[PDB]
Amino acid sequence: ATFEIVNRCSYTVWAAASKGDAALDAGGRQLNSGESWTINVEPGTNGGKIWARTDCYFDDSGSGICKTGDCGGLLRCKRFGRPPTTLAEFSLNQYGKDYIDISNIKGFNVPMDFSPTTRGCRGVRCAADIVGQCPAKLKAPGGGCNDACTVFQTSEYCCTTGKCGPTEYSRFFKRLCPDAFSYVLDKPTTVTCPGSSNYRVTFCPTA
């Protein structure tokens, strides 16, 4: 499956793509304002994620640091990134179909649109200004908006026991971005697509 990753933000981002225990394609790359990066993801990739990292410094061997989304100081990411991170999530060719969603379960850093470029499903979008409206206690000094699990580490926010419900904090994300997961047991907003669809992830999809 090809994913076109497009940076429409006015600032540089460093795109990242991973399935948790391995990179997808090269795993990571700088995208200046307007650039596009096409990657190839193995069919049957389960639990893949794509996200943006902001305000990064890499040296010539590709080691450094990012203010949001850092995945162990690497340009070419092999694991998931440090919250806060808006996430495009997908599982491909799962009994004949692809499954996509956007999640705010790990916070929000960059607005995002995640859409198929082939026939037969709709995209999802989380483009509201969540960083500017963020509740005071979720604001990340480093940039972005934390989820409540990251800030408070309680069973209720992390859904440790499998029994959680919605909270004042998850309801903030849900009000700003109804089409993204706001907490673990949120009513699913997953989109089912034909198996072997292709996709575009756009950062800052609107003006």
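Following Swiss-Prot, chain A residues are numbered 23-229, in order.
Header says: X-ray crystallography, 2.3 Å.
Using N, Cα and C of the backbone, Cβ positions are placed for all residues, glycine too.
Marked as disulfide bond by Swiss-Prot: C31-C226 (among others). Note on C226 (disulfide bond): other Cβ atoms within 10 Å of its Cβ, all shown chains, come to 19.
The Cβ neighbour count for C78 (disulfide bond), using a 10 Å radius over every protein chain in view, is 19. In the three-state DSSP scheme, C78 (disulfide bond) is classed as strand. The disulfide bond feature in Swiss-Prot is assigned to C78-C88 (among others); the stated evidence is experimental evidence.
Annotation source Swiss-Prot lists disulfide bond at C93-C99 (among others). In three-state terms derived from DSSP, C99 (disulfide bond) belongs to neither a helical nor a strand segment and is classed as coil. Using a 10 Å radius centred on the Cβ of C99 (disulfide bond) and all shown protein chains, the other Cβ atoms total 29.
The DSSP secondary structure for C215 (disulfide bond) is strand. Summarising the annotation, Swiss-Prot assigns disulfide bond to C143-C215 (among others).
Cβ-based neighbour count (10 Å, all protein chains) for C148 (disulfide bond) stands at 27. Taken from Swiss-Prot, the feature disulfide bond applies to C148-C199 (among others), supported by experimental evidence.
The disulfide bond annotation in Swiss-Prot covers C156-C167 (among others), and the record cites experimental evidence as its basis. All protein chains considered, the CB of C167 (disulfide bond) has 25 other CB atoms within 10 Å.
Annotated disulfide bond per Swiss-Prot: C171-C180 (among others), in sequence order. Secondary structure at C171 (disulfide bond), as computed by DSSP, is helix. Non-local neighbourhood of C171 (disulfide bond): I127, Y179, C180, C181, each in the same chain, at least six residues away, with C-beta under 8 Å from its C-beta.
In the three-state DSSP classification, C181 (disulfide bond) falls within coil. Counting every protein chain shown, the number of other Cβ atoms lying within 10 Å of the Cβ of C181 (disulfide bond) is 17. Marked as disulfide bond by Swiss-Prot: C181-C186 (among others).
The separation of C31 (disulfide bond) from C99 (disulfide bond), Cα to Cα, is 21 Å.
Ranked by CA distance from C93 (disulfide bond), the disulfide-bonded residues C148, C156, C167, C199, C215 have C167 at the top as the closest.
Cβ neighbour count for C31 (disulfide bond) (all protein chains, 10 Å cutoff from its Cβ): 19.
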